[PDB]
Every structure is written in structure tokens, then in C-alpha cells.
*Asks:* 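Here it is: the structure, laid out below.
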There are 4 protein chains.
Amino acid sequence: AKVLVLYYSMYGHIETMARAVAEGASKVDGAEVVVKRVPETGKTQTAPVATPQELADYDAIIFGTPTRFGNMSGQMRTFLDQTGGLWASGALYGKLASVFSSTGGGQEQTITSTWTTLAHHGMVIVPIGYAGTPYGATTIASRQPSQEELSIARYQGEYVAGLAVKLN
Amino acid sequence: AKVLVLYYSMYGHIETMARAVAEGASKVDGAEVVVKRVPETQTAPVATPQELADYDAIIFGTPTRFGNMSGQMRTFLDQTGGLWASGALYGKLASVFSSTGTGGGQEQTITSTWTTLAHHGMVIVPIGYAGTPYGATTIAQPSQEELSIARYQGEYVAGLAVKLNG
Amino acid sequence: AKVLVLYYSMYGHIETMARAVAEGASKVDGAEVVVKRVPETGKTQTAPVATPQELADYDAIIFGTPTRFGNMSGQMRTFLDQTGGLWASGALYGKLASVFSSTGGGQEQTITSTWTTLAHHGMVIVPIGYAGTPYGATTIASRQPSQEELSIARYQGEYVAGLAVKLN
Amino acid sequence: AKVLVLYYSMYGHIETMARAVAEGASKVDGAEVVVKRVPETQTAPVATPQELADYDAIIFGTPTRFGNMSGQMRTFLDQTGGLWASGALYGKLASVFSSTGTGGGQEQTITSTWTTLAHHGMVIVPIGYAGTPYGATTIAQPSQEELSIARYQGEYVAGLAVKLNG
Ligand SMILES: [Cl-]
Ligand SMILES: [Cl-]
Ligand SMILES: [Cl-]
Ligand SMILES: [Cl-]
């Protein structure tokens, strides 16, 4: 029922993707969707900035990040480093997680490496399959996200939100 | 909810692990648990790729070969193209457990397995810290501790399968 | 000096890529380039079929495979499974390895997972960087490889062959 | 050939490993070996990202945090965008060694590091079977066996650097 779309955006492209994720999630009856960004560690930033413990308030979190050499961005990594207190209390255990990314190639490695990080919190991992990448929505970022990439982002939000409602 | 524990065992270590996973799953009210093994190239019946569509959750057990899953499990999964094209496993729960191999690689075996299951659109369930948080493992002679974690994994995934299905 | 381009091709697309790799390798003075395929485990197959121990005769091997769910193809995997005798004698130790792939997404995982397999043989791993993916040449396969994808394949052969000559 | 052993150490375990790698590298005729550490947030000087361009081979040492490299090494590598854009590390030799962390993950740390270095077009050198074939590791109190493997890794990579450069 409560779905957080949490992102870092350098150029606005992940932000555009995150708003498409959120639009998709909002199509689901019973899903309460909120959009936040992680602090800086350029396009003017838009969404409210999240604090680490806010994550515990959500049933699903959909994480959006540009790649940095096939890893999540330093900004999202630093934010997730500050979830040690959540880890020590089992706060995020069993909550749904899903990820979307943009280039800065490496998009697949960015997603799968993020999964491993979130598995340490015991989060349930939601890929999107054939419905690429199958691991999560991605974009190639001057070039803006295509309508096709945004449709896949919208799908991902909708799918994850439905799973959240089914579970909670 | 129907839970399949699907495994390949070379030395009996993964068989023992699979039985522990099934024991945990069988503790869950409303979970129907079956154990099968993949064909070669043990009491559990051998699975066909087609029957995987019948289950709400599948927990996959495999030995490690040079940092990835065993050839037997990989060959089996290689033959799920028809399932893939029809979306037969889409949205189903998946979880993985493994055995170490020469040069280690049990964590890698699990995360590599996740990649394959993500192509099928399966929902992936790690065990976290409630040894690796990715799934139950054995450094095999599985220890009582390792079996206790395998039991937890079955109970946890079967509970999730019942909560989302019945 | 001796460079093997070894592939499996289901639809001809990896074959097309492999011949571009080989063309690139052949541009290097002092590189002796040979193309072979792994046995079946459709377009009519062209290149001679390799046997596992032939790999020991080469200074560099450039491996081409379609993806199967983000792993190398069953055909290339089965072939590489039959290199246990090479492994036990240290036959492939220190030789150059590089990889290219095609979809069947998952292209990045196919390459990086192949690397881990070849690291068990102690092979030196050659990615291509920015010169995506940075991990190796790839194509999206009815659709044939684009001239851009083939140029990257050609680059990869040329680069690996030069490293082979520099080393041997 | 100039070889840099670049590391981050929390408890001294990776420092001891880095010194073993450097000892192995220093056995190689024509290899010039230097040890530096990445900045925080020990006798070895602290490295700047810019100076990595000066070396023929860089052997990276890091602890593991939740299945990936330490924040300190990752932050350092995060700041190699200028190097990346200019191709400063392209074609240079890279190798990795690591320490285990809570929930394991030392092999994953190495292969994740490989991915980052591949973006820079670095040539990646595993150690094979001459513990994981990906690079030297410690289950830390590094053992004499672990240090012997770290020495081998330095000697092997320095030999390769001399053969392709001088
Ligand atoms: Cl962006
Ligand atoms: Cl076994
Ligand atoms: Cl093909
Ligand atoms: Cl340390």
C-alpha cells in the first residue's frame, strides 16, 4: 500500500523515469505513492529530499540511480550506507525492492549490484522480466528518455505497486 | 500455495539441504510442499521443465562449478525457453540455496541464478540476516547450523507464497 | 601471435560478429588468426568445429556466444566444461581471453559471467572499455548486426590481437 | 614497468596483504613498486586519482561491505571520471585483492571491482590456481598461506607488466 520511488538524478533523466514509475504505481487502487530524492554528495532538483529512516515507513521502495562505472551512483550508495541502524533493527526486512537505472553502458551491472546490496537488508527483489533489461527499467542518457523507455518505467511502477497491495 | 523444492545433488549435501528447506516450508499453514530433482547430465522424483508452471514458489538448490551453478541445474534451466516465451513463471516466487565448490563461489552461484530467474520475471527472495544473506549455503556433512538456516529459508518463502496466493 | 575466434551461433548473428572480430585481428602484423565454432549440443554452420584441447595452441581466444537467460549458451558452456584436462594441467593459464555476445537483454551478465568461468583457468581478461558495453562487443539479434556493432567487434579483434603480439 | 599497490585498510588486514603483494612485485626484474592508500571517508602515502595514470599496473586492495568494495575505495574510484573521459587508464593492467566482510562477499568484491575497471578499459588479471582464483583474499590476522598467495599475485602481475611494457 505505501510505495516510495527514491532516486538520484544528475541530468534529470532518472527524475523523468522516476515520475513515470510513480505514474504507473499511482494507477494501482490502494497504492499510496510518494516520490523523494537522495541528498547531493545540472538540472534544478525537484522532489523532496529523503532521510534514511523514512525508508522503514514504506511497503515497497523503487530505487532509481545513474550508473557510475557499473555501480550505483555515489549519491545513492552514500544514502544507503546510512541505513546501518535500519539494518541492525531488521527494519527493511521483507519489504519489496525494485530498481531502474540510466547510463553514465553498465546498466545491467548497476541493477544487479544494487540487488546484492538490498539483499543484505533482506528485501524481496522485483525484476520486470520480458514484460532489455529484464532486471529493471533503464534509459540511455543530452538524449532524453524515449517514450518506450518511459512506458517500461511506468509498467515497473504499476507491477511493483500491485505486488505491494497484494502483500499488504 | 504450492511450493517446489527443485535441486541437483552430487554428494547428497544439496539433497540434505533441500530436505531441510522442504521441512521449513511444510511448517507453513496452507503451503503444499513437493521435492523433486533435475535429471542427470535418491528418493525424490525427477522434474520436467513443464511442471514448474504449476507452482507458486520454486526454491532452487545447486552445487557450484567454477563460480556458477552445476551443469545439471543449468542444463535444466537452459531448457525453459518455452516457459519463457509463454511467461509461465512470471511473477512467481524464487529463492536459491547452494553448496561450495573448488575455489568457492557459493554466493556467486546464487546471484547468477537470480539473473536467470529475473529473465523469467520471477520475484527473487533473499533470506537476509534472519553464510550469506542471499540464500542458505553449505561449506560441504551440512552442519546443524546450516540446516537450521535452510529450514528458515523454506518457512520464509512458503509464508510469502501463502500471503500472496493462498 | 596465434589468435582463435571461437563462437557458437544459432541464427548467424554471432557468426557475423565473429568474422568481424577475425577481420580486425587480421589487421595486426604478426597475428595468425583462426576462426572455429563449438559443436551443436537455423542457418547452415560455416567455420570448422573446434575440439577442447585446440584451445591450448593459442595465445589469445576471443569467445563469442548468444545469451541464454544472462548466461553463456549451453553450447559454449558444454564445450568449456570439457576443458577440465586443460585446467588440471594449467594449459590455459595466462593466455588472453575476451568475449562478445548477442541477446536471446542480459548481454552484460553473459560477458561478466563468462569472465568468471575463464578466471578459473587463470586467463587474462580483456574488456574493450569506451573505445555499451565496455565489457565486450554485443549485438541485438531477424535483426542483423548493425555496421556500428560490427565496427566494435572489429575493434575488439584488433585490440586483442595487438596485445597478443605485444605479449608473445 | 611501474606497479602501484593501491589499498584501503580498516583493521590492518588489507595493509598486510598490500605489503605482501608489493613484496611479490618487488621480486620482478625491472618492476618499480610503490604502495599507497586511498584517503579516509599507516606508513603508506595517500594517493590522488590523477597519479594512477603514471603506472603500468595497479593492484587494488579493499575490504568488503555488504558484497561490494569498501566505501573508501568506491569513493576514490567514483572520482575517476576525468581519467575515464581522457582514457588515462586504458589498456593498463589491473588486479584485485580483498578481505571478507559480514555475510562474506570477498569474491563478489573482486568481480564487482573488475566491472568498474573494465569501464576504464583496464586489462584484468585473475590469479587462477597457481581462496578464489579471482585474486588473493583473507578471511580476516592474514594467514601465512594467504600472504603467500598475495605475494604470488604481485609477482605475477609485475611480471606481466614488465613483459608488455619494460
Ligand atoms: Cl540522470
Ligand atoms: Cl551435493
Ligand atoms: Cl546468433
Ligand atoms: Cl582491513
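Each chain gets a letter, A, B and so on, in the order the sequences are listed, and its residues count up from 1.
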*Asks:* Determine which residues belonging to residues 75-101 of chain C lie within contact range of chain D, meaning some heavy atom pair is under 4.5 Å apart, and list them by number or answer 'none'.
*Replies:* C:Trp87, C:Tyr93, C:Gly94
*Asks:* Looking at every non-hydrogen atom in both residues, tell me the closest pair between C:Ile125 and D:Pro126 and how far apart they are.
*Replies:* CD1-CG, 3.9 Å
*Asks:* Does the separation of the ring centres of C:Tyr130 and D:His119 fall below 6.0 angstrom?
*Replies:* no
*Asks:* Among all residues two or more places apart in sequence or in another chain, which pass the side chain to side chain donor-acceptor pair (under 3.5 Å) test with C:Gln109?
*Replies:* A:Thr112
*Asks:* Can you tell me how far OG1 of C:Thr116 sits from CD1 of D:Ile110, rounded to the nearest 0.5 angstrom?
*Replies:* 12.0 Å
*Asks:* Top residue by heavy-atom pair count (under 4.5 Å) with chain D, among C:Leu118, C:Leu167, C:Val126?
*Replies:* C:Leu167
*Asks:* Using non-hydrogen atoms and a limit below 4.5 Å, what part of residues 133-164 of chain C faces chain D?
*Replies:* C:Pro134, C:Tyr135, C:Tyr155, C:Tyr159, C:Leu163
*Asks:* Taking atom NZ of D:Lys2 as the centre, does the number of heavy atoms from other residues, nucleotides or ligands within less than 6.0 Å exceed 12?
*Replies:* no
*Asks:* So which of C:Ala119, C:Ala131, C:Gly122 has the biggest tally of heavy-atom pairs under 4.5 Å with chain D?
*Replies:* C:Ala119
*Asks:* Non-hydrogen contacts under 4.5 angstrom with chain D: give the residues of residues 13-25 of chain C involved, or none if there are none.
*Replies:* none
*Asks:* Could you check whether atom CD of D:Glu40 has more than 12 heavy atoms from other residues, nucleotides or ligands sitting under 6.0 Å from it?
*Replies:* yes
